[PDB]
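Data from target-v5.csv: CSV, C-alpha atoms and all ligand atoms
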chain,number,residue,atom,x,y,z
A,1,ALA,CA,3.1,2.1,26.6
A,2,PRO,CA,4.6,1.6,23.0
A,3,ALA,CA,3.2,-2.0,22.8
A,4,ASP,CA,-0.2,-0.5,24.1
A,5,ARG,CA,0.0,2.5,21.7
A,6,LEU,CA,0.7,0.1,18.7
A,7,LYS,CA,-2.0,-2.4,19.8
A,8,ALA,CA,-4.4,0.6,20.3
A,9,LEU,CA,-3.6,2.0,16.8
A,10,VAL,CA,-4.0,-1.4,15.0
A,11,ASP,CA,-7.2,-2.3,17.0
A,12,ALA,CA,-8.8,1.1,16.2
A,13,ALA,CA,-8.0,0.5,12.5
A,14,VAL,CA,-9.0,-3.2,12.3
A,15,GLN,CA,-11.9,-3.8,14.7
A,16,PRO,CA,-14.6,-1.5,13.1
A,17,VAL,CA,-13.7,-2.8,9.6
A,18,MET,CA,-14.0,-6.4,10.8
A,19,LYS,CA,-17.5,-5.7,12.3
A,20,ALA,CA,-18.6,-3.6,9.2
A,21,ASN,CA,-17.6,-6.3,6.7
A,22,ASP,CA,-18.5,-9.3,9.0
A,23,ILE,CA,-14.9,-10.7,8.7
A,24,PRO,CA,-14.5,-13.8,10.7
A,25,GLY,CA,-10.7,-13.6,11.0
A,26,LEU,CA,-7.9,-11.3,10.1
A,27,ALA,CA,-4.2,-11.3,10.6
A,28,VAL,CA,-2.0,-8.1,10.6
A,29,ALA,CA,1.8,-8.1,10.4
A,30,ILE,CA,3.9,-4.8,10.5
A,31,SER,CA,7.6,-4.3,9.8
A,32,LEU,CA,8.7,-1.1,11.7
A,33,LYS,CA,12.4,-0.1,11.7
A,34,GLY,CA,13.4,-3.8,11.1
A,35,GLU,CA,11.1,-5.2,13.9
A,36,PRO,CA,8.1,-7.5,13.2
A,37,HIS,CA,4.8,-7.0,15.0
A,38,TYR,CA,1.8,-9.3,14.7
A,39,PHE,CA,-1.9,-8.7,15.6
A,40,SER,CA,-4.4,-11.6,15.2
A,41,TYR,CA,-8.2,-11.3,15.3
A,42,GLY,CA,-11.1,-13.7,15.3
A,43,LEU,CA,-11.5,-17.1,13.8
A,44,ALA,CA,-9.7,-19.1,11.1
A,45,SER,CA,-12.8,-21.4,11.1
A,46,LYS,CA,-16.1,-20.5,12.7
A,47,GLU,CA,-17.2,-24.1,12.8
A,48,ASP,CA,-14.5,-25.4,15.2
A,49,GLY,CA,-13.5,-21.9,16.6
A,50,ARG,CA,-9.8,-22.2,15.7
A,51,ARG,CA,-8.3,-18.7,16.3
A,52,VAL,CA,-6.2,-16.7,13.7
A,53,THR,CA,-2.5,-16.6,14.6
A,54,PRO,CA,0.5,-15.3,12.6
A,55,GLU,CA,1.0,-18.9,11.3
A,56,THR,CA,-2.6,-19.3,10.0
A,57,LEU,CA,-2.6,-19.8,6.2
A,58,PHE,CA,-4.7,-17.5,4.1
A,59,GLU,CA,-5.3,-17.4,0.3
A,60,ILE,CA,-3.7,-14.1,-0.9
A,61,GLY,CA,-5.2,-14.3,-4.5
A,62,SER,CA,-3.5,-11.7,-6.8
A,63,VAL,CA,-0.8,-10.8,-4.3
A,64,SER,CA,0.6,-14.1,-5.8
A,65,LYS,CA,1.4,-12.0,-8.9
A,66,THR,CA,4.3,-10.3,-6.8
A,67,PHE,CA,5.8,-13.8,-6.3
A,68,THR,CA,5.3,-14.5,-10.1
A,69,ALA,CA,7.1,-11.2,-10.9
A,70,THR,CA,9.9,-12.3,-8.5
A,71,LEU,CA,10.4,-15.6,-10.4
A,72,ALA,CA,10.4,-13.5,-13.7
A,73,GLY,CA,13.0,-11.1,-12.0
A,74,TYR,CA,15.2,-14.2,-11.4
A,75,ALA,CA,14.9,-15.3,-15.1
A,76,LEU,CA,15.9,-11.7,-16.1
A,77,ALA,CA,18.8,-11.6,-13.5
A,78,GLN,CA,20.1,-14.9,-15.1
A,79,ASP,CA,19.8,-13.5,-18.7
A,80,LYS,CA,17.4,-16.3,-19.7
A,81,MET,CA,14.8,-13.7,-21.0
A,82,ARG,CA,14.5,-9.9,-21.6
A,83,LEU,CA,11.4,-7.8,-21.1
A,84,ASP,CA,11.4,-6.7,-24.8
A,85,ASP,CA,11.5,-10.4,-26.0
A,86,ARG,CA,8.6,-11.4,-28.1
A,87,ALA,CA,6.3,-13.8,-26.1
A,88,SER,CA,6.3,-16.6,-28.6
A,89,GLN,CA,10.2,-16.9,-28.4
A,90,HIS,CA,9.7,-18.7,-25.1
A,91,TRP,CA,6.9,-21.2,-26.2
A,92,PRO,CA,7.0,-22.8,-29.7
A,93,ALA,CA,3.2,-23.7,-29.6
A,94,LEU,CA,2.6,-19.9,-29.7
A,95,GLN,CA,4.8,-19.3,-32.8
A,96,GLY,CA,2.6,-18.0,-35.7
A,97,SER,CA,0.0,-16.6,-33.2
A,98,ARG,CA,-0.6,-12.9,-32.3
A,99,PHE,CA,2.0,-13.5,-29.4
A,100,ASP,CA,4.7,-13.1,-32.1
A,101,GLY,CA,3.9,-9.4,-31.8
A,102,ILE,CA,3.6,-9.1,-28.0
A,103,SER,CA,6.5,-8.4,-25.6
A,104,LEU,CA,7.0,-10.1,-22.1
A,105,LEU,CA,6.7,-6.5,-20.6
A,106,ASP,CA,3.2,-6.1,-22.3
A,107,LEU,CA,2.0,-9.4,-20.7
A,108,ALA,CA,3.6,-8.5,-17.3
A,109,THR,CA,1.9,-5.1,-17.2
A,110,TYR,CA,-1.5,-6.1,-18.7
A,111,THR,CA,-0.9,-4.0,-22.0
A,112,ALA,CA,-0.9,-7.0,-24.5
A,113,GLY,CA,-4.1,-5.6,-26.1
A,114,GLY,CA,-7.2,-6.7,-24.1
A,115,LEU,CA,-6.5,-10.2,-22.6
A,116,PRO,CA,-9.5,-10.5,-20.3
A,117,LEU,CA,-9.6,-10.5,-16.4
A,118,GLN,CA,-10.1,-14.3,-16.3
A,119,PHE,CA,-9.8,-17.2,-18.7
A,120,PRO,CA,-13.3,-18.0,-19.9
A,121,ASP,CA,-15.2,-20.7,-18.0
A,122,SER,CA,-14.7,-23.0,-21.0
A,123,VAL,CA,-10.8,-23.1,-20.3
A,124,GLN,CA,-10.0,-25.8,-17.7
A,125,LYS,CA,-6.6,-26.3,-16.0
A,126,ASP,CA,-5.3,-28.3,-19.0
A,127,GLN,CA,-2.1,-27.6,-21.0
A,128,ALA,CA,-3.8,-28.1,-24.4
A,129,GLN,CA,-6.9,-25.9,-23.6
A,130,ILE,CA,-4.6,-23.1,-22.4
A,131,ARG,CA,-2.3,-23.5,-25.5
A,132,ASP,CA,-5.4,-23.4,-27.8
A,133,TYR,CA,-6.8,-20.4,-26.0
A,134,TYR,CA,-3.6,-18.3,-26.5
A,135,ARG,CA,-3.2,-19.6,-30.1
A,136,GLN,CA,-6.7,-18.3,-31.1
A,137,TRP,CA,-6.6,-15.0,-29.2
A,138,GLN,CA,-6.6,-11.7,-31.1
A,139,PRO,CA,-5.9,-8.2,-29.6
A,140,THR,CA,-8.8,-5.7,-29.3
A,141,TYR,CA,-6.3,-2.8,-29.5
A,142,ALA,CA,-2.6,-2.1,-30.1
A,143,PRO,CA,-0.1,-3.8,-27.7
A,144,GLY,CA,1.4,-1.2,-25.3
A,145,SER,CA,-1.6,1.3,-25.4
A,146,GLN,CA,-4.3,0.2,-22.8
A,147,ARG,CA,-4.0,-1.5,-19.4
A,148,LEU,CA,-6.6,-4.2,-18.7
A,149,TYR,CA,-6.0,-6.1,-15.5
A,150,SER,CA,-5.7,-9.7,-16.6
A,151,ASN,CA,-4.9,-13.2,-15.1
A,152,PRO,CA,-4.2,-14.7,-18.6
A,153,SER,CA,-1.8,-11.8,-19.2
A,154,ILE,CA,0.5,-12.0,-16.1
A,155,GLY,CA,-0.2,-15.8,-16.0
A,156,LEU,CA,1.4,-16.3,-19.4
A,157,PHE,CA,4.3,-13.9,-18.4
A,158,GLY,CA,5.1,-16.2,-15.4
A,159,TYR,CA,4.7,-19.4,-17.4
A,160,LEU,CA,7.1,-18.1,-20.1
A,161,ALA,CA,9.6,-17.0,-17.4
A,162,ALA,CA,9.5,-20.6,-16.1
A,163,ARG,CA,9.9,-22.1,-19.6
A,164,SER,CA,12.9,-19.7,-20.0
A,165,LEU,CA,14.4,-21.3,-16.9
A,166,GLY,CA,13.7,-24.9,-18.4
A,167,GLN,CA,11.4,-26.0,-15.5
A,168,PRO,CA,7.7,-25.9,-14.6
A,169,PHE,CA,6.5,-22.7,-12.8
A,170,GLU,CA,5.2,-24.6,-9.7
A,171,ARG,CA,8.5,-26.6,-9.3
A,172,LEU,CA,10.6,-23.4,-9.5
A,173,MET,CA,8.4,-21.7,-6.9
A,174,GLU,CA,8.6,-24.6,-4.3
A,175,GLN,CA,12.2,-25.7,-5.1
A,176,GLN,CA,14.0,-22.3,-5.7
A,177,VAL,CA,11.9,-19.1,-5.0
A,178,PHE,CA,10.4,-19.9,-1.6
A,179,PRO,CA,13.6,-21.4,-0.1
A,180,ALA,CA,15.7,-18.4,-1.5
A,181,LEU,CA,13.2,-16.0,0.3
A,182,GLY,CA,13.3,-18.1,3.6
A,183,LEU,CA,9.6,-18.9,3.2
A,184,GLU,CA,8.7,-22.3,4.8
A,185,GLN,CA,4.9,-21.4,5.5
A,186,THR,CA,4.2,-20.4,1.8
A,187,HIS,CA,2.6,-22.9,-0.6
A,188,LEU,CA,1.0,-23.3,-4.0
A,189,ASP,CA,-0.2,-26.8,-3.0
A,190,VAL,CA,-0.7,-26.9,0.8
A,191,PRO,CA,1.0,-30.1,2.2
A,192,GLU,CA,-1.3,-32.6,4.1
A,193,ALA,CA,0.8,-31.9,7.3
A,194,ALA,CA,0.0,-28.1,7.1
A,195,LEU,CA,-3.8,-28.4,6.3
A,196,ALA,CA,-4.7,-27.7,10.0
A,197,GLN,CA,-3.3,-24.1,9.5
A,198,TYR,CA,-5.4,-23.4,6.4
A,199,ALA,CA,-8.2,-20.9,7.2
A,200,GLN,CA,-11.7,-21.4,5.9
A,201,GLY,CA,-12.9,-18.8,3.4
A,202,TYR,CA,-16.4,-17.3,3.7
A,203,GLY,CA,-18.7,-15.8,1.0
A,204,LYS,CA,-22.4,-14.9,0.7
A,205,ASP,CA,-24.5,-16.6,3.5
A,206,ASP,CA,-21.1,-17.7,5.0
A,207,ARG,CA,-20.7,-20.4,2.3
A,208,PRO,CA,-17.3,-22.0,2.8
A,209,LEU,CA,-14.9,-21.2,-0.1
A,210,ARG,CA,-11.3,-22.5,-0.7
A,211,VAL,CA,-10.0,-21.8,-4.2
A,212,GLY,CA,-10.5,-24.7,-6.7
A,213,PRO,CA,-8.1,-25.5,-9.7
A,214,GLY,CA,-7.9,-23.2,-12.7
A,215,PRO,CA,-5.7,-22.4,-15.7
A,216,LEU,CA,-2.4,-20.8,-14.6
A,217,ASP,CA,-3.9,-20.6,-11.1
A,218,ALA,CA,-0.4,-20.8,-9.5
A,219,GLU,CA,0.9,-17.8,-11.6
A,220,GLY,CA,-2.2,-15.6,-11.1
A,221,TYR,CA,-3.7,-16.3,-7.6
A,222,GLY,CA,-2.4,-19.7,-6.2
A,223,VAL,CA,-0.4,-18.7,-3.1
A,224,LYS,CA,-1.4,-19.6,0.5
A,225,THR,CA,0.8,-18.1,3.2
A,226,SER,CA,0.8,-16.9,6.8
A,227,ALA,CA,1.0,-13.2,7.9
A,228,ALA,CA,4.5,-14.1,9.4
A,229,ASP,CA,5.8,-15.5,6.0
A,230,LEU,CA,4.1,-12.7,3.9
A,231,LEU,CA,5.9,-10.1,6.2
A,232,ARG,CA,9.2,-12.0,5.5
A,233,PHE,CA,8.5,-11.4,1.8
A,234,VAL,CA,7.8,-7.8,2.5
A,235,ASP,CA,11.1,-7.5,4.4
A,236,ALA,CA,13.0,-9.1,1.5
A,237,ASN,CA,11.3,-6.4,-0.8
A,238,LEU,CA,12.4,-3.7,1.7
A,239,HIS,CA,16.0,-5.1,1.9
A,240,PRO,CA,16.8,-7.0,-1.4
A,241,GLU,CA,20.6,-6.5,-0.5
A,242,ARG,CA,20.3,-9.0,2.4
A,243,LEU,CA,19.6,-11.9,-0.2
A,244,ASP,CA,22.2,-13.8,-2.3
A,245,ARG,CA,22.9,-11.5,-5.4
A,246,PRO,CA,20.7,-13.2,-8.1
A,247,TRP,CA,17.6,-13.0,-5.7
A,248,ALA,CA,18.5,-9.4,-4.8
A,249,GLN,CA,18.4,-8.6,-8.5
A,250,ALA,CA,15.1,-10.6,-8.9
A,251,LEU,CA,13.4,-8.5,-6.2
A,252,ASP,CA,14.9,-5.2,-7.7
A,253,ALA,CA,13.2,-6.0,-11.0
A,254,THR,CA,9.8,-5.8,-9.2
A,255,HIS,CA,10.7,-2.2,-8.1
A,256,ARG,CA,10.7,-0.6,-11.7
A,257,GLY,CA,7.7,1.5,-13.0
A,258,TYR,CA,6.9,1.4,-16.7
A,259,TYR,CA,3.8,3.6,-17.0
A,260,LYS,CA,1.2,5.6,-15.0
A,261,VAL,CA,-2.6,5.3,-14.9
A,262,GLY,CA,-3.9,8.2,-12.8
A,263,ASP,CA,-1.9,8.2,-9.5
A,264,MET,CA,-0.7,4.6,-10.0
A,265,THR,CA,2.8,3.6,-11.4
A,266,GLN,CA,2.7,0.0,-12.7
A,267,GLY,CA,5.7,-2.3,-12.0
A,268,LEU,CA,6.1,-6.0,-12.3
A,269,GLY,CA,3.5,-7.2,-9.8
A,270,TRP,CA,3.7,-4.1,-7.5
A,271,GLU,CA,1.6,-0.9,-8.1
A,272,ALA,CA,3.1,2.3,-6.7
A,273,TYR,CA,1.8,5.7,-5.5
A,274,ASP,CA,3.6,8.8,-4.2
A,275,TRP,CA,3.6,8.9,-0.4
A,276,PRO,CA,2.0,10.7,1.2
A,277,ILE,CA,-1.3,10.7,-0.8
A,278,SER,CA,-5.0,10.9,0.4
A,279,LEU,CA,-6.8,7.8,1.4
A,280,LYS,CA,-9.5,8.6,-1.3
A,281,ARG,CA,-6.8,8.6,-4.0
A,282,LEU,CA,-5.2,5.2,-2.8
A,283,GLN,CA,-8.8,3.7,-2.7
A,284,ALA,CA,-9.5,5.0,-6.3
A,285,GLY,CA,-6.2,3.4,-7.5
A,286,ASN,CA,-7.4,0.0,-6.0
A,287,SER,CA,-11.1,0.5,-7.1
A,288,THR,CA,-13.4,-1.8,-9.1
A,289,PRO,CA,-13.0,0.3,-12.4
A,290,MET,CA,-9.2,-0.1,-12.1
A,291,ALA,CA,-9.6,-3.9,-12.0
A,292,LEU,CA,-12.4,-4.2,-14.6
A,293,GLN,CA,-12.1,-1.4,-17.3
A,294,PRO,CA,-9.3,-0.6,-19.8
A,295,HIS,CA,-7.2,2.6,-19.1
A,296,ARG,CA,-4.9,4.3,-21.7
A,297,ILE,CA,-1.4,4.4,-20.2
A,298,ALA,CA,1.0,7.3,-19.8
A,299,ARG,CA,4.3,5.5,-20.8
A,300,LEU,CA,7.4,6.7,-18.9
A,301,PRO,CA,10.4,7.9,-21.0
A,302,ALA,CA,12.6,5.4,-19.0
A,303,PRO,CA,11.7,2.8,-16.3
A,304,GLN,CA,11.5,4.6,-12.8
A,305,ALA,CA,13.0,3.3,-9.6
A,306,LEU,CA,10.1,2.5,-7.2
A,307,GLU,CA,11.8,3.6,-4.0
A,308,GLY,CA,12.0,6.5,-1.6
A,309,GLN,CA,8.7,8.4,-0.7
A,310,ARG,CA,6.4,5.9,-2.4
A,311,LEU,CA,3.9,3.3,-1.3
A,312,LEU,CA,4.1,-0.1,-3.2
A,313,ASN,CA,1.0,-2.2,-2.8
A,314,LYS,CA,-1.0,-5.2,-4.2
A,315,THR,CA,-4.6,-6.3,-3.4
A,316,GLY,CA,-5.5,-10.0,-3.7
A,317,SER,CA,-8.9,-11.6,-3.7
A,318,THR,CA,-10.4,-15.1,-4.0
A,319,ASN,CA,-14.1,-16.0,-3.6
A,320,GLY,CA,-13.4,-16.6,0.2
A,321,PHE,CA,-10.4,-14.3,1.0
A,322,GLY,CA,-9.3,-10.7,0.9
A,323,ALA,CA,-5.6,-9.7,1.2
A,324,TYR,CA,-3.6,-6.5,1.0
A,325,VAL,CA,0.1,-5.8,1.2
A,326,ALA,CA,1.8,-2.3,1.2
A,327,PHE,CA,5.3,-1.1,2.0
A,328,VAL,CA,7.1,2.3,2.0
A,329,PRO,CA,10.8,1.7,0.9
A,330,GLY,CA,12.0,5.2,2.1
A,331,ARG,CA,10.5,4.6,5.7
A,332,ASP,CA,11.5,0.9,6.1
A,333,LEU,CA,7.7,0.3,6.8
A,334,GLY,CA,5.8,-2.8,5.7
A,335,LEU,CA,2.3,-4.1,6.3
A,336,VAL,CA,0.3,-7.3,5.6
A,337,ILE,CA,-3.5,-7.6,6.1
A,338,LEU,CA,-5.0,-11.1,5.5
A,339,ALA,CA,-8.7,-11.9,5.9
A,340,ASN,CA,-11.0,-14.9,5.3
A,341,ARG,CA,-13.6,-12.8,3.6
A,342,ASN,CA,-13.5,-11.1,0.1
A,343,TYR,CA,-14.3,-7.6,1.6
A,344,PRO,CA,-14.0,-4.5,-0.5
A,345,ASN,CA,-10.5,-3.2,-1.5
A,346,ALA,CA,-11.6,0.3,-0.2
A,347,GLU,CA,-12.0,-1.2,3.3
A,348,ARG,CA,-8.6,-3.0,3.2
A,349,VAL,CA,-6.9,0.3,2.2
A,350,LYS,CA,-8.9,2.0,5.0
A,351,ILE,CA,-7.2,-0.3,7.6
A,352,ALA,CA,-3.7,0.1,6.0
A,353,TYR,CA,-4.1,3.9,5.8
A,354,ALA,CA,-5.1,4.3,9.5
A,355,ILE,CA,-2.0,2.1,10.5
A,356,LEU,CA,0.5,3.8,8.1
A,357,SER,CA,-0.8,7.3,9.3
A,358,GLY,CA,-0.6,6.2,13.0
A,359,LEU,CA,3.1,5.3,12.4
A,401,LIG,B1,-6.7,-11.2,-8.1
A,401,LIG,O1,-6.9,-11.5,-6.8
A,401,LIG,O2,-6.9,-9.7,-8.3
A,401,LIG,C1,-8.2,-9.4,-8.4
A,401,LIG,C2,-8.8,-8.3,-7.6
A,401,LIG,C3,-7.9,-7.6,-6.6
A,401,LIG,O3,-6.9,-7.0,-7.0
A,401,LIG,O4,-8.1,-7.7,-5.3
A,401,LIG,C4,-10.1,-8.0,-7.7
A,401,LIG,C5,-10.9,-8.6,-8.6
A,401,LIG,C6,-10.4,-9.7,-9.4
A,401,LIG,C7,-9.1,-10.0,-9.3
A,401,LIG,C8,-8.5,-11.2,-10.1
A,401,LIG,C9,-7.6,-12.0,-9.2
A,401,LIG,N1,-8.3,-13.1,-8.5
A,401,LIG,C10,-9.0,-14.0,-9.2
A,401,LIG,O5,-8.8,-14.2,-10.4
A,401,LIG,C11,-10.1,-14.7,-8.4
A,401,LIG,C12,-10.2,-16.2,-8.6
A,401,LIG,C13,-10.6,-16.6,-10.1
A,401,LIG,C14,-10.9,-18.0,-10.3
A,401,LIG,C15,-11.9,-18.6,-9.4
A,401,LIG,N2,-12.2,-20.0,-9.5
A,401,LIG,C16,-13.4,-20.4,-10.3
A,401,LIG,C17,-14.0,-21.7,-9.8
A,401,LIG,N3,-13.9,-22.7,-10.8
A,401,LIG,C18,-11.5,-18.3,-7.9
A,401,LIG,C19,-11.3,-16.8,-7.7
C-alpha cells encoding of this file:
Amino acid sequence: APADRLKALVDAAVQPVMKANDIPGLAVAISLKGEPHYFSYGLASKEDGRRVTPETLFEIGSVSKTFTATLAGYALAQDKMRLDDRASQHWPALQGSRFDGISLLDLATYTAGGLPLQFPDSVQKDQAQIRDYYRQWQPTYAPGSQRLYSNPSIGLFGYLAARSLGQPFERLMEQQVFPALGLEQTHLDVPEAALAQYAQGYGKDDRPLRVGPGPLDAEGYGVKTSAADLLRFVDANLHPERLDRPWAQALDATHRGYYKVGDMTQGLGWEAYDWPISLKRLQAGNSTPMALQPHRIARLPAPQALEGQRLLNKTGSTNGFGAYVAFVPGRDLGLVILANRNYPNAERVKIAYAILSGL
C-alpha cells in the first residue's frame, strides 16, 4: 500500500504536468526519512525510444550554481578566501577594474551592481574575451543594493574561488568536489563511455538541444547528472555532518541567508522560503520577473541559518532541459525533478508542491 500510495501521489503530480507541457521524459527522486525513492517517466530520446531511468543524464542548468557554491564553501572552509574579500584580490587581470570595489559575497548573491543575466553574444568561451569583458564592466548601481540574477556574477565568484585554491574550476569539480560528494554519474564534460545515458533535450518544434560551449559555462550551468546522483547531493545537503569535515563546512556555507527579496532568502546557490508557504508564493519567488528584473534587497543584520521549517530550492534551465531541486532540512525531505524540456518554472514548482504536500 505505501509503495502504491507513494507511486499514486507522484503519478498524480507528474503525469498531468508532463502532458500539459509535452515533456518527453522526466525523472523524480525523493529522499524520505533517509530512504531514496525513484520514479521515471517517458523517453530520454524520442528518436530511439530509450526510456528515462534514475541513471539517465539530464542538463540541470543553473542548479549547477549550487555545486559552484559548494566549491566556494570549500575555499572558505580552507581559509583561501573570505566573502568580504574584494574580487580583484583573487585575479590580477581585474586589478584597477571596478572589481576592486566588489566583494565575493556581492558576486555570489547577484548584488555586484547590474552584471547581466548572460554574457553578451560577443563573449565566447575564451579566457582573454572573459578577462576583457570584466575589465571594461561598470556597475549600473551601488554594489550590495539590487539583486539581478546573473551568470557572469556567480560565474566569476566560482572562477575566483577556484583561483583561490590554485587550480582550474573544472579540474577541482572533477578531481575533488564530485568524489568528496560520492558523485560518479555527475559531469561537466560527459565521458565518451557515458554518452549513451545523456538524454536528448527538446525545444520549439521538438528541435534537439544539448548545451553548447559558453563563457564560464561550467560555473553557471554546465552540470549533467542523473536523478540518483542529484538526490545524493541533496542527501549530502540534508546531512553535511556525514561528510569529512572540510566538505561538511563547504555544504554548511551554502545554508546561510544574506538578504530577502519578497518571500525569498538568498544564500550561496540556494534560495530559501518559510515552510509551509502557499504554492502561489513559491511560484512567484521562482517567476520570470525574479530571474529578469532587478529587485532592491532587504539585507539581514546577520547571516541567517537556512535550516528547520524552510524549503531550500533552485531551478535550472537550458534550451532543452528543465530541472528543479527542493529540500526541507527540518523534515529530512528532499526532491529532484529532471526533465528534457525547458518547461515553465511555475509547472516544476506545481509538481514539487503536490509531492511535498502529499508527504
Ligand atoms: B539558469 O539555468 O537559471 C536560469 C533560469 C532558472 O532559474 O531556471 C531561468 C532563466 C535563465 C536562467 C539562466 C541560467 N541558464 C542559462 O544561462 C541558459 C543557457 C545560456 C547559454 C546558452 N547557450 C547559447 C548558445 N551559444 C544555453 C542556455
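In this comparison, which uses all atoms listed in the file, the residue of A:242, A:90, A:224, A:50 approaching residue A:323 most closely is A:224.
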With 6 Å as the cut-off and only C-alpha atoms and all ligand atoms counted, what is the closest atom pair between each nearby residue of chain A and ligand LIG 401 (chain A)? Distances in Å to one decimal, ordered by chain and number, as a tab-separated table.
residue	atom	partner	partner_atom	distance
A:61	CA	A:LIG401	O1	4.0
A:62	CA	A:LIG401	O1	3.4
A:211	CA	A:LIG401	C18	5.3
A:212	CA	A:LIG401	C17	5.6
A:221	CA	A:LIG401	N1	5.7
A:291	CA	A:LIG401	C5	5.9
A:315	CA	A:LIG401	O4	4.2
A:316	CA	A:LIG401	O1	3.7
A:317	CA	A:LIG401	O1	3.7
A:318	CA	A:LIG401	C19	4.2
A:319	CA	A:LIG401	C19	5.0
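One finds atom CA of residue A:299 at 18.2 Å from atom CA of residue A:85.
Here the question is which of A:41, A:259, A:324, A:74 gets nearest to residue A:158 using only C-alpha atoms, and that residue is A:74.
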Exercise for review: Just the residues within 9 Å of stretch 229-236 of chain A, please, counting all atoms listed in the file, with nothing from its chain fewer than 3 positions along; format it as a VMD selection string.
Suggested key: chain A and resid 29 to 31 34 36 54 to 55 67 181 to 186 225 to 226 239 to 243 248 251 325 to 327 332 to 336
Kindly save the residues from that selection, with C-alpha atoms included, as an mmCIF file, in the frame of the given file.
data_model
loop_
_atom_site.group_PDB
_atom_site.id
_atom_site.type_symbol
_atom_site.label_atom_id
_atom_site.label_comp_id
_atom_site.auth_asym_id
_atom_site.auth_seq_id
_atom_site.Cartn_x
_atom_site.Cartn_y
_atom_site.Cartn_z
ATOM 1 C CA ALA A 29 1.800 -8.100 10.400
ATOM 2 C CA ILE A 30 3.900 -4.800 10.500
ATOM 3 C CA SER A 31 7.600 -4.300 9.800
ATOM 4 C CA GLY A 34 13.400 -3.800 11.100
ATOM 5 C CA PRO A 36 8.100 -7.500 13.200
ATOM 6 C CA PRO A 54 0.500 -15.300 12.600
ATOM 7 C CA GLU A 55 1.000 -18.900 11.300
ATOM 8 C CA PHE A 67 5.800 -13.800 -6.300
ATOM 9 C CA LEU A 181 13.200 -16.000 0.300
ATOM 10 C CA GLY A 182 13.300 -18.100 3.600
ATOM 11 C CA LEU A 183 9.600 -18.900 3.200
ATOM 12 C CA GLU A 184 8.700 -22.300 4.800
ATOM 13 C CA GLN A 185 4.900 -21.400 5.500
ATOM 14 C CA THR A 186 4.200 -20.400 1.800
ATOM 15 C CA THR A 225 0.800 -18.100 3.200
ATOM 16 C CA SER A 226 0.800 -16.900 6.800
ATOM 17 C CA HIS A 239 16.000 -5.100 1.900
ATOM 18 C CA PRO A 240 16.800 -7.000 -1.400
ATOM 19 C CA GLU A 241 20.600 -6.500 -0.500
ATOM 20 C CA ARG A 242 20.300 -9.000 2.400
ATOM 21 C CA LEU A 243 19.600 -11.900 -0.200
ATOM 22 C CA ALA A 248 18.500 -9.400 -4.800
ATOM 23 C CA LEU A 251 13.400 -8.500 -6.200
ATOM 24 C CA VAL A 325 0.100 -5.800 1.200
ATOM 25 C CA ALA A 326 1.800 -2.300 1.200
ATOM 26 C CA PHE A 327 5.300 -1.100 2.000
ATOM 27 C CA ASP A 332 11.500 0.900 6.100
ATOM 28 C CA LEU A 333 7.700 0.300 6.800
ATOM 29 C CA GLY A 334 5.800 -2.800 5.700
ATOM 30 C CA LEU A 335 2.300 -4.100 6.300
ATOM 31 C CA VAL A 336 0.300 -7.300 5.600
#
